[PDB]
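The residues making up each chain are set out below.
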Amino acid sequence: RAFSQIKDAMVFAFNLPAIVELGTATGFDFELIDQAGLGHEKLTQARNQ
Amino acid sequence: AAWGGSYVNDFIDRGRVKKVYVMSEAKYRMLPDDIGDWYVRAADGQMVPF
């Protein structure tokens, strides 16, 4: 609440889960994979797309 | 690097690192005779035949 409005750069404050490395229940980890001989530019375009 | 060839450097084709091989063209390294076709730049600046 402090570091959201009255700051210059993004500062989140959080608590670490007890099982320190698994899934945020409602939450996924998507991979957008470039397959053909493409360019990093085209991939980012796909990403924002 | 004439008759055998050589892996030299690595390049980036379409974003994938592949090898760089330099070797003689086919015709100048087939026949014992073609041995003659190859020279070495000596210490001085002269080419010396095989």
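Now for a look at the structure at hand.

The rules behind each value
Residues numbered from 1 in each chain as written, not as in the entry; some residues may be left out. Chains lettered and ligands numbered in written order. Part of a larger assembly, values for the part shown. Heavy atoms only, no water. Pairing = 2+ DSSP bridges. Helix = DSSP H or I, 4+ residues; strand = E, 2+ residues; numbered from the N terminus. Buried < 20%, exposed > 50% of the residue type's maximum accessible area, 1.4 Å probe, protein only. Contact = heavy atoms within 4.5 Å. Salt bridge = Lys/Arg side-chain N within 4 Å of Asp/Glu carboxyl O. Patch = residues over 30% accessible without salt bridge, like charges linked within 9 Å, V, L, I, M, F, W, Y side chains within 5 Å. Areas by Shrake-Rupley, 256 points an atom, 1.4 Å probe, with all protein chains shown as cover. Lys, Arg positive; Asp, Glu negative; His and termini not counted.

### What to know about the pairing of strand 1 (residues 6-13) of chain B
Residues and elements named next belong to chain B.
Working step 1: Bridge count for strand 1 against strand 2 (residues 16-22) is 7 bridges, and the pairing is antiparallel. What sits directly across from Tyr7, in strand 2, is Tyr21.
Working step 2: Counted along the chain from strand 1 to the antiparallel partner strand 2, the turn is 2 residues long, and its residue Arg14 has a positive phi close to 55°.

### Re the side chain of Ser24(B)
Residues and elements named next belong to chain B.
Working step 1: With respect to the helices and strands, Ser24 occurs in the loop between strand 2 and strand 3 (39-41).
Working step 2: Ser24 gets classed as buried once you look at its relative accessible area, which sits at 10%.
Working step 3: Sequence-distant contacts of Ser24, defined by excluding residues within four places in its chain, comprise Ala1, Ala2, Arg29 and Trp38.

### Some points on the pattern of salt bridges
Working step 1: One pass over the full model with this rule turns up 3 salt bridges over all chains.
Working step 2: Note that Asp8(A) and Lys7(A) form a salt bridge whose closest N and O atoms lie 3.0 Å from each other.
Working step 3: The exposure class assigned to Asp8(A) is exposed, which follows from its relative accessible area of 73%.
Working step 4: The partner of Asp13(B) in a salt bridge is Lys18(B), with the nearest N and O atoms 3.1 Å apart.
Working step 5: A single network of salt bridges, built from pairs that share partners, joins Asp13(B), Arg14(B) and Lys18(B).

### Things to note about the environment of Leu32(A)
All names here are of chain A.
Working step 1: With respect to the helices and strands, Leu32 occurs in the loop between helix 1 (2-5) and helix 2 (40-48).
Working step 2: Assessed through its relative accessible area of 43%, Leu32 is described here as partly exposed.
Working step 3: Put simply, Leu32 and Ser4 are 28 residues apart on the chain and 30 Å apart in space, counted from C-alpha to C-alpha.
Working step 4: Discounting chain neighbours no more than four positions away, the residues touching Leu32 are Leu43, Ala46 and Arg47.

### Some thoughts on a nonpolar patch on the surface
Working step 1: Together, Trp3(B), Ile35(B), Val40(B), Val48(B) and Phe50(B) make up a nonpolar patch on the protein surface, roughly 450 Å² of accessible area in all.
Working step 2: Checked against the element boundaries, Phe50(B) lands in the segment after strand 4 (47-49).

### Considerations on the side chain of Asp34(B)
Residues and elements named next belong to chain B.
Working step 1: Topologically, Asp34 is positioned in the loop between strand 2 and strand 3.
Working step 2: Despite its burial, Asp34 remains without a salt bridge, the nearest opposite charge being carried by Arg29 at 8.2 Å.
Working step 3: The residues contacting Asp34, other than those within four sequence positions of it, are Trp3, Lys27, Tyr28 and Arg29.

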